[PDB]
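The listed protein sequences derive, respectively, from chains B and O.
When the letters of the first sequence are read in order and numbered with the entry's author numbering, they come out as residues 302 to 451.
When the letters of the second sequence are read in order and numbered with the entry's author numbering, they come out as residues 202 to 250.
Each residue gets a CB set at the ideal place from its N, CA and C atoms; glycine is no exception.
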Amino acid sequence: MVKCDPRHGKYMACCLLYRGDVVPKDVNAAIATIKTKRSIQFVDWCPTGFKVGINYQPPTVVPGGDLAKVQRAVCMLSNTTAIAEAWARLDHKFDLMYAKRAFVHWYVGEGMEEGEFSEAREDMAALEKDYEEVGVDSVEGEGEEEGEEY
Amino acid sequence: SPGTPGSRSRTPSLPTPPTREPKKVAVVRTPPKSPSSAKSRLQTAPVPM
């Protein structure tokens with residue numbers, strides 16, 4: 302439920318929150334099978350990939366429209382380095398506009414110093430590289446090989 | 202510029218947008234804080250005769 306693709310990046314951590322008719326033993330078995338299916342990718346050095354949550358309350362819906370009532374449910378929340386592709390797309394669309402300086406008269410008009418909307422952008426360019434430098438191998442010094450596997 | 206007799210049109214054309222400028226922007230800045238460690242251990246049971 303954001304457009305960036307969780308296979309372009311890698312998950313860094315997860316949380317799995319369950320409702321209703323639930324078996325901890327089938328949750329165990331499914332998580333362990335997700336850790337087995339490496340089509341779902343996480344980064345290597347975050348071994349305990351998951352937080353688990355399990356509540357008794359059934360699922361719950363409003364009458365007169367929308368979703369139909371169910372007897373068990375799941376929410377899944379996960380940090381990823383693919384968030385960086387959607388932020389890089391937002392920030393390029395900043396650069397394209399800022400290279401003509403469109404819009405930045407309203408931003409001065411209603412208060413902002415121009416050096417602060419200059420600093421934001423290099424901070425978001427730093428964000429692209431904070432998220433790039435976590436998408437790395439079992440290496441802290443120098444030494445990476447040019448072969449890629451993901 | 203030479204041209205027709207009498208009044209001639211009065212045209213400015215200085216383009217407002219900034220040109221190419223020094224903002225490269227995309228440079229590595231903050232890698233995550235990452236120390237390597239070589240580590241060692243030495244087995245130390247009772248060793249009488």
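Measure the CB-CB distance between residue 379(B) and residue 305(B) and report whether it falls below 8 Å. Counting from one through the first sequence, the residue named residue 379(B) turns up at place 78. Counting from one through the first sequence, the residue named residue 305(B) turns up at place 4. No, Cβ-Cβ distance for residue 379(B) and residue 305(B) is not below 8 Å.
Just to confirm, are residue 320(B) and residue 359(B) a CB contact at a threshold of 8 Å? Your numbering for residue 320(B) matches position 19 in the first sequence. Your numbering for residue 359(B) matches position 58 in the first sequence. A contact, by the Cβ cut-off of 8 Å.
Bridge-paired residues (DSSP) for residue 379(B): Residue numbering aside, residue 379(B) sits at position 78 when the first sequence is read from its first letter. Paired residues: 315(B).
Which residue comes first and which comes last in the alpha helix (DSSP H) that contains residue 328(B)? For this step, residue 328(B) is matched to residue 27 along the first sequence. Its alpha helix (DSSP H) spans residues 325-337.
Here's the rule: buried if 16 or more other CB atoms are within 10 angstroms of the residue's CB, otherwise exposed. What is residue 435(B)? Mapped onto the first sequence, residue 435(B) falls at position 134. Label assigned to residue 435(B): buried.
Classification of residue 416(B) by the beta-carbon crowding that lies within 10 angstroms, buried from 16 upward: Stepping through the first sequence from its first residue, residue 416(B) is reached at position 115. Burial call: exposed.
As a quick exercise: from 225(O), 203(O), 237(O) and 241(O), pick the residue whose alpha carbon is nearest that of residue 444(B). Sequence index remark: in the first sequence, residue 444(B) carries index 143 (1-based). Nearest option by C-alpha distance: 237(O).
Can you tell me whether residue 399(B) is buried or exposed, with buried defined as 16 or more other CB within 10 angstroms of its CB? Within the first sequence, numbered from 1, the residue matching residue 399(B) stands at position 98. Residue 399(B) should be labelled buried.
Please list, in chain order, all residues of the same chain as residue 246(O) whose beta carbon is under 6 Å from its beta carbon, the five residues on each side excluded. For this step, residue 246(O) is matched to residue 45 along the second sequence. If we look at residue 246(O) and ignore the five residues flanking it on each side, it has no Cβ neighbours.
Rounded separation between residue 224(O) and residue 243(O) - CA only: Here residue 224(O) is taken as the residue at index 23 of the second sequence, counted from 1. Here residue 243(O) is taken as the residue at index 42 of the second sequence, counted from 1. Cα-Cα distance, rounded: 55 Å.
With three or more C-beta pairs closer than 8 Å as the rule, is the stretch 377-392 of chain B touching the stretch 412-431 of chain B? yes
Might you give, ordered along the chain, the residues of its own chain that have their beta carbon closer than 8 Å to the beta carbon of residue 451(B), omitting 5 neighbours on each side? Against the first sequence, residue 451(B) aligns to sequence position 150. The residues are 311 and 342.
Residues bridged to residue 343(B) (per DSSP): Translated into the one-based positions of the first sequence, residue 343(B) becomes position 42. For residue 343(B), which the question treats as bridged, DSSP gives the partners 312(B).
Could you have a look at residue 395(B) and say whether DSSP puts it in helix, strand or coil? Counted from its first residue, the first sequence places residue 395(B) at position 94. If DSSP states are grouped into helix, strand and coil, residue 395(B) belongs with the helices.
Kindly identify the DSSP beta-bridge partner or partners of residue 351(B). Here residue 351(B) corresponds to residue number 50 of the first sequence, with the count starting at 1. In DSSP, residue 351(B) forms a bridge with 315(B).
Mind pulling the chain O residues with CB within less than 7 Å of residue 438(B)? As a working mapping, residue 438(B) is identified with position 137 in the first sequence. Those do not exist, as residue 438(B) stays about 11 Å from chain O at its closest Cβ, beyond 7 Å.
Say whether chain B places a C-beta atom closer than 8 Å to the C-beta of residue 227(O). By one-based count along the second sequence, residue 227(O) stands at place 26. For residue 227(O), the answer is yes, since a Cβ of chain B falls inside 8 Å of its Cβ.
CB contact check: residue 218(O) to chain B, cutoff 8 Å: By one-based count along the second sequence, residue 218(O) stands at place 17. With 8 Å as the cut-off, residue 218(O) counts as an interface residue toward chain B.
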